[PDB]
Structures are given as structure tokens and as C-alpha cells.
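For reference, the chain that follows is the form deposited in one PDB entry, supplied as C-alpha cells.
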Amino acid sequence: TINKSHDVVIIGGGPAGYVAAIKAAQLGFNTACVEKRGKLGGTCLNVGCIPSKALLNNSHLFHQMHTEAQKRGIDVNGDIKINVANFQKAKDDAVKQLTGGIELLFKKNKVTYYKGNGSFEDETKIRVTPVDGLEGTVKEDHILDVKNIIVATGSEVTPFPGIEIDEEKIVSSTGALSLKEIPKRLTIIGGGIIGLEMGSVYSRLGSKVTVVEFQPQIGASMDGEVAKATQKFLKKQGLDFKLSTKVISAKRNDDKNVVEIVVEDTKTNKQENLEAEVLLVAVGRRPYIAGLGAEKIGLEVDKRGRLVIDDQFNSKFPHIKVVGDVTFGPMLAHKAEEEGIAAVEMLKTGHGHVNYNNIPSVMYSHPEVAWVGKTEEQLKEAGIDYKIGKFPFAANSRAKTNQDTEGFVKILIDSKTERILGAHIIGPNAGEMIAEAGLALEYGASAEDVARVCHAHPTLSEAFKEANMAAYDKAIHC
């Protein structure tokens, strides 16, 4: 065991933790970050955002090249095949480069990178213990004398009791992202974004995808109209939805090399049997504090397993802050990053801020689905008087030119002030376009404020312009 001192020590190297480390160092703190997995970037970079977006993008292109080339004047007299090994390689190389990038950022900023497991020795010190196989891991235990501690231990997949998750036949998102072969049938439990995205990926590559969802509609969180329109275009794309249906159990049938599933329709409590070569368990994600030693010092943990904090990210101990997926708020990478930054700026200047009323959500299917601000259900349930502004991409020149016009832009404004209250988009670049609504929302802009800004022609962004025109006045192209 050996002693070490730092001003700030971050437990966790994911979006919230490594960004907090970089920021603390730029702000002048002697900073250290403790991560046990072997690479920085956390869930997002290693088994989440990055690899999933890589598969989505490449699977989309394969799809375009396979069924949309001829109508674009491109004749292929040969064959268009998916090379699973190179498909995976493309994703693994992207992850590899990015994880390396973070380590380089840590070096440039002088962040001390401890490879091991971090736990509270007591409320004022952190002990770093080595990880057996992990190379580069600490040679012996390290006791870090620190002034400020930031907990960013993140999340884990929510387990399904009774379902043995082997990342081969019955997989979690982590297994789905590394499938060595396109399964004939992909059955997915849960209609969440993570599940839907993996569904889209594989059906594009030739898998028969079935989505078993407890609730009536899917999406969970998106605007009503967006949610139904989403399930609509996904079914149209080949995904089979089993709404109001509960997965009961499942186990791998090695002899028949098939996963036997058992569902139950809630609108009849009538049981049923299903089968799939690969089963994806996507019933959500939850906070992860295992091995942290939070129980040792009395850190408050709510009934949902989240580390309780106040509006300044403080735990019951003023010098111990908590950020990211391990605590309150949507479990998104951009949210985690800004909390990491806000927490550190607080340490430096005494203040920081995160706008929970302006955090966007995005599903990277095609078309993409993105939204930020308030939905219609939320405005109604709050008795807010509002007006709607909608513009379809079918009326957008750029979209038409791309022969890809599915979707629309919907702007929600205050009937009184005409201030933008929410934006919802389903379109070819929804994820990027949503940044526009974010800027408007952040500044409290009005639909007219956006409508009056000259947007380049011909671009998809013009749909956003016209949708705002339709909210307080009238669109020109529809």
C-alpha cells in the first residue's frame, strides 16, 4: 500500500468522469481519475453510444447500397454482401481510436490515470485496488488523500431474473453489439431506444426482428404523435411489434440451437410460446455502485438505487459530488458530460448549472428521431395553452432531391408569447437538426425568432425554419 495526494479524484472514466477530469485539470486542479475496465470512455464509448452508432450507420449504408442504388443510376451487376467480420472490425477500430484519443487527452492535460477499482477508504480518502487481469493496473493498493471526490460510477444493464444472459444466444446490448453472425430471428424484449436501434440494425442485415413490449405503444418518453409515427415507420421497415405483451421466461435450447421464449398478452393474460436464434434482453439500465464502498460511509441511496444529491450535485458530504447515470436525470451521455463539467466548475468558481429543460433525446434509426423540450402530453397535463407548427420533409427540396422524404418537424409554442416550448423531429438528420431547437430553447427564442433567420437553400434545415413559420403564422412551401 502507498499514499498519494491530489486535489480532485474522479471515480469512473465514462462521459461524466473523464470529461470532469479533463476540466478539473484545465481549471488548475491536481487531478486523478480511477477506472477499472481497462479503457476510458465508459459505457458510451466501449459498449454503448459509439459501437451502436457505428453498426447503425454501416447497416444503413449497406441497406442503401442494396436497395436504393439502382433508382439512383447505379448498376451493380455483382453481389452486395455483408461481411460480418469487417462489419465488426469497422466498429472495433472506431472504438479503438476513440479510446486511445481520450488517453492522449489525459496525457496532454496531466490527469493521473489509475487503472483499478476505486472505493471509499473513509469519507475523506479513496483506495485504489488492483484488477487481476488488467494490465497497467496498480502494483499495490493506493490510498489517495484528496480534498474533493467526484463519483461517476455510471450504470449497468438491468438484469432479468430467470434469464441467464450469456453474450451468445441470450444477449444484452453488449452481446448484440458483437454478434459474430446475423441471427435468422432476433427477438427483443423491451421497446426502448436501445432495443429499437439494435432491432433496426439487424433487420437491415437480414434478421427477422420481433419486439416484445409490455406497454401499448413504444418509445417511452417521446411525444405521442412521434411515438406512434416511429412504431409506424419501423414496422414498415420490417420490425414486428408485440405490444401489451410480457416476456415471462426464456432459456437456450442447445440441442435445437434456438432460444425458447414465453410471453403473455396483458389484454387477456393468455400465455404463448415463441422462438429465436438470439434473444436480446433490453429491459432498461440502472445505477451502478457495486464495490464503491458507499454503504461504508452512509451515502444516501434512494429506492431506485440512485445516489441522492442536491441541486449542486452534493451527497450528504459537501466534498463528495455525484454525477451522471449513477444519479438523477436522464441516462444520456451528453447529460453526463455537462454534469461532470458543472460539478468541477462549482469547485473552482463556487457555481455551475445544467438546464434539465433542454436536454435532447435521440434515436439513431433512419429516419432518426430527435426531440427536446416539452411534448404535447406534458403541456396538456400542465394546462398550458399552446399552438402547433408542422412541416413534412416530403415538402422539403433537399429531402426530395435525396429521394428520402420520410418524417416531419413539429414545433410547440406558447399561444400567448409564441415562445418555443418543445421541438420534435423525425427525419434523415433529426439528430443534427435538433441542435437548432436547443439553441432557440436555451435563449428563449420565439417561433418567429427562428422563422426570420435565413437558412441555406436547399437544406433539410429549411424544414425547421418553415415549421416555426407554421407555428405562429403560415409556412410558405406547404
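Residue numbers here begin at 1 and follow the sequence given. Basically, rigid core = biggest C-alpha set you can superpose within 1.5 Å across the two forms.
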Seminar exercise, completed: Comparing mean C-alpha B factor in the record for 238 to 246 and 93 to 101, the higher one is 238 to 246
For this session: Would you tell me which stretch averages the higher CA B-factor in the PDB entry, 284 to 292 or 216 to 224?
Result: 216 to 224
For this session: Specify which of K321, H334, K115, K208 carries the largest Cα B factor in the deposited PDB entry.
Result: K208
Seminar exercise, completed: Reading the B-factor column for Cα atoms of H366, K270, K110, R127, the highest value belongs to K270
Problem set entry | CA B-factor ranking of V8, expressed as a third of its chain | lowest
Exercise. Hey, what third does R452 fall into on Cα B-factor, ranked over its chain?
Worked result: middle
Problem set entry | Assigned third (lowest, middle, highest) for the C-alpha B factor of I341 | lowest
Problem set entry | Record-listed C-alpha B factor of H60: chain third | middle
For this session: Ordered by C-alpha B-factor within the chain, which third holds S155? Give me lowest, middle or highest, please.
Result: lowest
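One more form of this protein exists, namely the form deposited in another entry; it is left out here, but the text below deals with it.
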For this session: Determine, with the core as the superposition reference, the one member of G100, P318, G136, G305 that shifts its CA by 2 Å or more between this form and the one not shown.
Result: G136
Exercise. Relative to what is shown, are the Cα atoms of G136 and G100 closer or farther apart in the other form, where the gap shifts by 3 Å or more?
Worked result: farther
